[PDB]
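Asks: Here it is: the structure, laid out below.
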Amino acid sequence: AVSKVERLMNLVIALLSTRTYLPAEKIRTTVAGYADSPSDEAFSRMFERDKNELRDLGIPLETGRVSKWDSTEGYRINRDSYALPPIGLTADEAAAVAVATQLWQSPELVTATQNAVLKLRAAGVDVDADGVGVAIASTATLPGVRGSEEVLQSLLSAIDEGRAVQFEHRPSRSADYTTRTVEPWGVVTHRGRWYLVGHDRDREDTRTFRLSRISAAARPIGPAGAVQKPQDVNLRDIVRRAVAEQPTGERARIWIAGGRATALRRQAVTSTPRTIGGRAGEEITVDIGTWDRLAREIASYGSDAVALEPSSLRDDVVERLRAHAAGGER
Amino acid sequence: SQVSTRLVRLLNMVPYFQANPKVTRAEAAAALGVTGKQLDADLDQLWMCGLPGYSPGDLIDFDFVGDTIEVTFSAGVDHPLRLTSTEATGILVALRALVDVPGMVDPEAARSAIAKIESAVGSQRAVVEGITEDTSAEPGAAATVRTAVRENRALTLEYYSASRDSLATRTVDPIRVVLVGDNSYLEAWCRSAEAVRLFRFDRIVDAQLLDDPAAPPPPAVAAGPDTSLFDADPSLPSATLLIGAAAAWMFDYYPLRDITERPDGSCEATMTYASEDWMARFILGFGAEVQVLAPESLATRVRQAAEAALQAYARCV
């Protein structure tokens, strides 16, 4: 009567401690747990199941010939390939790992992170979370981390398996869902927002998709190893380009009353004091960027911020203010 | 399955004990995150298993000194098991996700950890990568905040209140740092108003360290990690507004409630506002894209503000 865990531990210990390849019959005779099989076929099936499980657990089994004077196949576990290289960790890195191990919430990701942390601690370092005293408050309201958790797991699994993905994506809530099948290249984060980078098989272009928009149906399709992304492609540069295209638009002169518009004050490029209409303040020459965003920012402050140049932005602001002042009828 | 994880843990226990010569029971339980009985059963099961031959000098044997654990013969178990692709990828993803969040972790430590893990596991440029190789966007206030949290020293913070649109200089004592959504907030007790408040890093112009290591009242009274006193309160007023199809920008970054759909664009939503001025500015920003429905007083105030802005623009040149 030998338990499965004990049998597997005995098998891996026996393989690790032997410098010569071991055939199946020797393993059956020597290692405990392989002497109770009523028949040879049952032993072969049990051994194959155990070897499949051990190979699935990531242990690098190697199969070869016992010697140049024999032909029966034998098994071994390389001591060099099985052992991770030693690593020295300072207090800062230990604190970083301890803080980062408490982000995920999916059971699979939690289990994987826990196993990785256990292996890292067993490597020799001491990872402690109570020293920093930093916790996580939000666990079910995050639109980037918590909301985009299962989708990120599916994308990571597909990238690891080297397979294309098919999913449903919508540019906005008003628009309609569209089925997109793309070959992924990686995942890049920016300002705490994930952005899947891939090449579409329906448009043939490099696209970045915000993981918040994509639903949980990130179905993996295609044979393994069929995805060969170019190495020279820099995903982070493409993400940065996709984040913002218009550098500065133009230079605009906007008057803002003093003591307010602090958010706009921080965005000021050049400033000059001036008093207009009995109200003092500063006229600032600044950038443009997105026209709609700047128009909204100017219109939010109302009389506090007065646009001077260009005249088109002033006309847009005046039109929006008149639409507001119409009484809501239109 | 569960058996796989149990086998991995029981195989990696030996190097953990080899690294720490005299680790006690409580430390081992805390490190491996298992109960006392489970730890004892796993240790006993590992005791009676080892090299083939099963001589008492051929299997792994311990040396129990009181309540301490030490290894005398590892039988070849000298190094921990390698890292699979999934766990290493998850760790790297978490580390690269927390490096951009301001104040939760030192960026230099995160970069060093990334480099060391990549060197240990042999990862290449085919993995997740950040945007900023060297941020340099830290103004130094975040480091001062972390130092004050570690050393429990008084801090002076100049915070920009967007609801009131002002700059307020306060003397606060930190309690803990928490993450909410994509905006991490430093939690601090302020004696100016004598309350627990959450300040955002991007709204802090600068921080000043002071030599007043005074323990805040909440540790001596109540030190709940959440303390969501007004994160979601019924007393908070809510305005009912109509949103056009084009103005979908606010549909993502703001908590819209009671969303009603209409092809004619005659169905609306409801959103809470902290202050009347904040909601008025938010409404005026979108222009004609957003139409005011309720309350009537808010609509009248918005109309008066728009008329005043139009008059000011007419007077100005």
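First to last, the protein sequences are chains X and Y.
Under the entry's author numbering, the first residue of the first sequence carries the number 2, and numbering increases by one thereafter.
Under the entry's author numbering, the first residue of the second sequence carries the number 2, and numbering increases by one thereafter.
Yeah, the Cβ is synthetic: ideal placement off N, Cα and C, and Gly gets one too.
(1) Applying the criterion that 16 or more other CB atoms from any shown protein chain within 10 Å of the CB defines a buried residue, is residue 287(Y) buried or exposed?
(2) Cα separation between residue 166(Y) and residue 278(Y)?
(3) Could you name the residues of the region 81-97 of chain Y whose beta carbon sits closer than 9 Å to any beta carbon of chain X, in the order they occur along the chain?
(4) Against residue 105(Y), what residues of chain X qualify as contacts under a CB-to-CB distance less than 8 Å, listed in chain order?
(5) Compare the C-beta of residue 63(Y) with all C-beta atoms of chain X and state if any pair is closer than 7 Å.
(6) Compare the C-beta of residue 237(X) against all C-beta atoms of chain Y and say whether one is closer than 7 Å.
(7) Looking at the secondary structure, which residues open and close the alpha helix (DSSP H) in which residue 104(X) lies?
(8) In chain X, which residues lie with their C-beta within 7 Å of the C-beta of residue 166(Y)?
(9) Can you look up residue 3(X) in the DSSP assignment and give me helix, strand or coil?
(10) Going by CA-CA distance only, name the one from 32(Y), 255(Y), 271(Y) that's closest to residue 261(Y).
(11) Please check the pair residue 205(Y) and residue 142(Y), which I expect to be a contact at CB under 8 Å, by giving their CB distance rounded to whole angstroms.
(12) Using the Cα positions of residue 1(X) and residue 279(X), report the straight-line distance between them to the nearest angstrom.
(13) Would residue 290(Y) pass as a contact of residue 249(Y) if the rule is Cβ separation under 7 Å?
(14) Helix, strand or coil: which one does DSSP assign to residue 113(Y)?
(15) Using a Cβ cut-off of 7 Å, which residues of the region 168-179 of chain X contact any Cβ in chain Y, in chain order?
(16) When you compare the CB positions of residue 212(X) and residue 152(X), do they come within less than 7 Å of one another, or not?
(17) Helix or strand or just coil, what does DSSP make of residue 272(Y)?
(18) Please decide whether residue 93(X) counts as near chain Y, where near means a Cβ-Cβ distance under 7 Å.
(19) Between residue 52(X) and chain Y, is there a C-beta pair that is closer than 7 Å?
(20) In angstroms, rounded to a whole number, what distance separates the CA positions of residue 23(Y) and residue 158(Y)?
(21) Closer than 8 Å by beta-carbon distance: list the chain X residues that pair up with residue 161(Y), in chain order.
(22) Between residue 15(Y) and residue 72(Y), which are expected to be in contact by the criterion C-beta below 8 Å, what is the C-beta distance as a whole number of angstroms?
(23) What in chain X is Cβ-close to residue 267(Y), meaning under 8 Å?
(24) Once DSSP output is grouped into helix, strand and coil, what is the label at residue 74(Y)?
(25) Along the chain, where does the alpha helix (DSSP H) that runs through residue 246(X) open and close?
(26) So what does residue 94(X) bridge to, in DSSP terms?
(27) Take residue 178(X) and list the residues in its own chain whose beta-carbon comes closer than 6 Å to its own, dropping the five residues that flank it on each side.
(28) For residue 188(X), count the other beta carbons within 10 Å of its own beta carbon; 16 or more makes it buried, fewer makes it exposed. Which is it?
(29) Around the Cβ of residue 76(X), are there at least 16 other Cβ atoms within 10 angstroms (buried) or fewer (exposed)?
(30) Mind listing the chain X neighbours of residue 56(Y)? Cutoff is C-beta to C-beta under 8 Å, in chain order.
(31) Would you give the residue range spanned by the alpha helix (DSSP H) that residue 308(X) belongs to?
(32) From the DSSP output, which residues share a beta bridge with residue 275(X)?
(33) Taking Cβ positions, are residue 137(X) and residue 103(X) nearer each other than 7 Å?
(34) Would you decide whether residue 222(Y) is buried or exposed? Buried here means 16 or more other CB atoms lie within 10 Å of its CB.
(35) Given this structure, state the Cα-to-Cα distance separating residue 273(Y) from residue 240(Y), to the nearest angstrom.
(36) List the residues of chain X that residue 131(Y) touches, going by C-beta distances under 9 Å, in chain order.
Replies: According to the data block:
(1) What you label residue 287(Y) is simply residue 286 of the second sequence in a count that begins at 1. Buried.
(2) As a working note, residue 166(Y) is residue 165 in the second sequence. As a working note, residue 278(Y) is residue 277 in the second sequence. Near 9 Å, if we compare the C-alpha coordinates of residue 278(Y) and residue 166(Y).
(3) Residues passing the 9 Å Cβ filter: 81, 82, 83, 84, 85, 86, 87, 88, 89, 90, 91, 92, 94, 95, 96, 97.
(4) Here residue 105(Y) is taken as the residue at index 104 of the second sequence, counted from 1. 100, 135, listed in chain order.
(5) Counted from its first residue, the second sequence places residue 63(Y) at position 62. No, its Cβ sits nowhere closer than 7 Å to a Cβ of chain X.
(6) As a position in the first sequence, residue 237(X) is number 236, starting the count at 1. Yes, because at least one Cβ of chain Y sits closer than 7 Å to the Cβ of residue 237(X).
(7) Position 103 of the first sequence, counted from the first residue, corresponds to residue 104(X). Segment: none, residue 104(X) is in no alpha helix (DSSP H) and carries neither H nor E.
(8) The sequence position of residue 166(Y) within the second sequence is 165, counting from 1. What residue 166(Y) touches in chain X: 261, 263.
(9) Within the first sequence, residue 3(X) is the residue found at index 2, counting from 1. Coil, per DSSP.
(10) For the purposes of this step, residue 261(Y) is identified with residue 260 of the second sequence, where counting begins at 1. Comparing alpha carbon positions, the residue from 32(Y), 255(Y), 271(Y) closest to residue 261(Y) is 271(Y).
(11) As a working note, residue 205(Y) is residue 204 in the second sequence. As a working note, residue 142(Y) is residue 141 in the second sequence. Between residue 142(Y) and residue 205(Y) the Cβ distance is about 5 Å, and since that is below 8 Å, they are a contact.
(12) In the structure displayed, chain X extends from 2 to 331; residue 1(X) sits before or after that span and is not available.
(13) For the purposes of this step, residue 290(Y) is identified with residue 289 of the second sequence, where counting begins at 1. For the purposes of this step, residue 249(Y) is identified with residue 248 of the second sequence, where counting begins at 1. No.
(14) Counting from 1 along the second sequence, the entry for residue 113(Y) is found at position 112. DSSP places residue 113(Y) in helix when its eight states are reduced to three.
(15) So the list reads 173, 174, 175, given in the order they occur along the chain.
(16) Within the first sequence, residue 212(X) is the residue found at index 211, counting from 1. Within the first sequence, residue 152(X) is the residue found at index 151, counting from 1. The Cβ-Cβ distance between residue 212(X) and residue 152(X) falls below 7 Å.
(17) Position 271 of the second sequence, counted from the first residue, corresponds to residue 272(Y). Strand, per DSSP.
(18) Counting from 1 along the first sequence, the entry for residue 93(X) is found at position 92. Yes, its Cβ sits closer than 7 Å to a Cβ of chain Y.
(19) Sequence index remark: in the first sequence, residue 52(X) carries index 51 (1-based). False, the Cβ-Cβ gap to chain Y never drops below 7 Å.
(20) Reading the second sequence from its first residue, position 22 is the one you call residue 23(Y). Reading the second sequence from its first residue, position 157 is the one you call residue 158(Y). Their Cα atoms are separated by approximately 46 Å.
(21) The residue given as residue 161(Y) occupies position 160 in the second sequence. Residues of chain X whose Cβ lies closer than 8 Å to the Cβ of residue 161(Y) are, in chain order, 263, 264.
(22) What you label residue 15(Y) is simply residue 14 of the second sequence in a count that begins at 1. What you label residue 72(Y) is simply residue 71 of the second sequence in a count that begins at 1. The C-beta separation of residue 15(Y) from residue 72(Y) comes to about 7 Å, placing the pair in contact by the 8 Å criterion.
(23) On the second sequence, residue 267(Y) is found 266 positions in, with the first residue counted as 1. Here the premise fails: no neighbours, minimum Cβ distance about 12 Å.
(24) Reading the second sequence from its first residue, position 73 is the one you call residue 74(Y). Here residue 74(Y) sits in coil by DSSP.
(25) Along the first sequence, read from residue 1 onward, the residue named residue 246(X) stands at position 245. No alpha helix (DSSP H) holds residue 246(X); DSSP gives it neither H nor E.
(26) Locating residue 94(X) in the first sequence gives position 93, counting from the first residue. In the DSSP assignment, no residue is bridged to residue 94(X).
(27) In the first sequence, counting from the first residue as 1, residue 178(X) sits at position 177. Only 169, 171 meet the Cβ criterion.
(28) Counted from its first residue, the first sequence places residue 188(X) at position 187. Residue 188(X) counts as buried, since no fewer than 16 other beta carbons sit within 10 angstroms of its beta carbon.
(29) For the purposes of this step, residue 76(X) is identified with residue 75 of the first sequence, where counting begins at 1. Flag for residue 76(X) reads buried.
(30) Walking along the second sequence from the start, residue 56(Y) turns up at place 55. Under the 8 Å cutoff, chain X gives no residues; its nearest Cβ is about 13 Å from residue 56(Y).
(31) Sequence index remark: in the first sequence, residue 308(X) carries index 307 (1-based). Counting along the chain, residue 308(X) sits inside no alpha helix (DSSP H); it lies in the beta strand (DSSP E) bounded by residues 306-310.
(32) Here the question's residue 275(X) lines up with position 274 in the first sequence. DSSP output for residue 275(X) lists 282(X) as bridge partner(s).
(33) Translated into positions along the first sequence, residue 137(X) becomes position 136. Translated into positions along the first sequence, residue 103(X) becomes position 102. Yes.
(34) Taking the second sequence and counting its residues from 1, the one referred to as residue 222(Y) is at position 221. Its Cβ having fewer than 16 others within 10 Å, residue 222(Y) is exposed.
(35) Mapped onto the second sequence, residue 273(Y) falls at position 272. Mapped onto the second sequence, residue 240(Y) falls at position 239. Residue 273(Y) and residue 240(Y) have their alpha carbons spaced roughly 6 Å apart.
(36) Locating residue 131(Y) in the second sequence gives position 130, counting from the first residue. Taking a Cβ-Cβ threshold of 9 Å, the residues of chain X close to residue 131(Y) are 189, 190, 191, 237, in chain order.
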